[PDB]
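The structure tokens that follow cover one protein chain in two forms, given apart as structure 1 and structure 2.
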Structure 1
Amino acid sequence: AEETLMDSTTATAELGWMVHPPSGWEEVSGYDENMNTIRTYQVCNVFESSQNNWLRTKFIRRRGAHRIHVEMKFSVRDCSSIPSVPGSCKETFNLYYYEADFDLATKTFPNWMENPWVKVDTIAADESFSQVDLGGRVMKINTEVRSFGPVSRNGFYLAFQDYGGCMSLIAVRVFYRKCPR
């Protein structure tokens, strides 16, 4: 019913996603439902302050879609299960997107702020574990789907924003529904 525009869970090697503060999101291997090794990013600057970390996916082609759907699979670490328990330690992140007809995005061009980047939505975590558990506790990883506007350019980029939480982006999957609702 739907056609996938980027899956990240097929990589088997670095995704090549851009990380604004290099001291923010960092690419790390993980697993999934079936212990299949996958590419994921994570952030946990819980002990540091004033957090504003950006993860930008590479260029995704629109392949003639009008409404993009973004399915996110992520897990959040309880601030409690962590040795250090400073202030803040959020568990909600922002999903943005930027259009463009050509890649052209550099390490600085698509300004790292909600200015050029149009906000899709703020995602919360309705589940946060305190103990890793490979294979078990599926209901512990989160799954949130959002969709953004009309989109007409050749393609676009997505970007996730962290501001002091301790989470993991297990899987991302852009796509569009090729059949009217």
Structure 2
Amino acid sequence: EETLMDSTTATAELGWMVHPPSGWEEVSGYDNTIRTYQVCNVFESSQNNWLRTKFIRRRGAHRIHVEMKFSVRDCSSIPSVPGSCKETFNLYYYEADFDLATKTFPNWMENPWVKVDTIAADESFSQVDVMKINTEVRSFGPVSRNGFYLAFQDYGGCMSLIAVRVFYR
């Protein structure tokens, strides 16, 4: 059973809190028709780009599973990339009983946010739309409060997050 949009369920404007506006950005991947996000700020020093989902009502459930799809342009594919170029992104989670999230609240550090795992492209792609896609699933334990937030963190590469889908057994 699904808790956050199968994918298309985004019904116009995903409305996702970007931390530095200069980070991620919504790109209309109308194809089905879908909202995606992407960063590719290589050639720009010190990057810490966050993206925070909306509050996901835990609906009972004790061990949620995050399924995500995403394209990641290799740092070696890029003409003159700096040494800074990274090609893995971080996933974090954060529990709360009611909303309370604020542009400043859940601090944008790995402290209040507990780190699920660092994600990299795994050699098993698929086409879409018509780019190659990676799927990769992580899951976090306990989670007892009423709901949660999710956040993806870039820090040096191009990569589109085609679709995120949160669900549980």
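Take the two forms, find the largest set of C-alpha atoms that superpose within 1.5 Å, and that set is the rigid core. For numbering, take structure 1's sequence and count from 1.
- Rigid core superposed between structure 1 and structure 2, residues 72, 95, 100, 82 considered: the one with a C-alpha shift of 2 Å or more is 82.
- Annotation for residue 126: C-alpha shift of 2 angstroms or more between structure 1 and structure 2, rigid core superposed.
- Residue 9 shows a C-alpha shift of 2 Å or greater between structure 1 and structure 2 [criterion: core-superposed Cα displacement of 2 Å].
- With both forms fitted on their core, the C-alpha atom of residue 172 sits 0.2 Å from where it sits in the other form; this compares the forms between structure 1 and structure 2.
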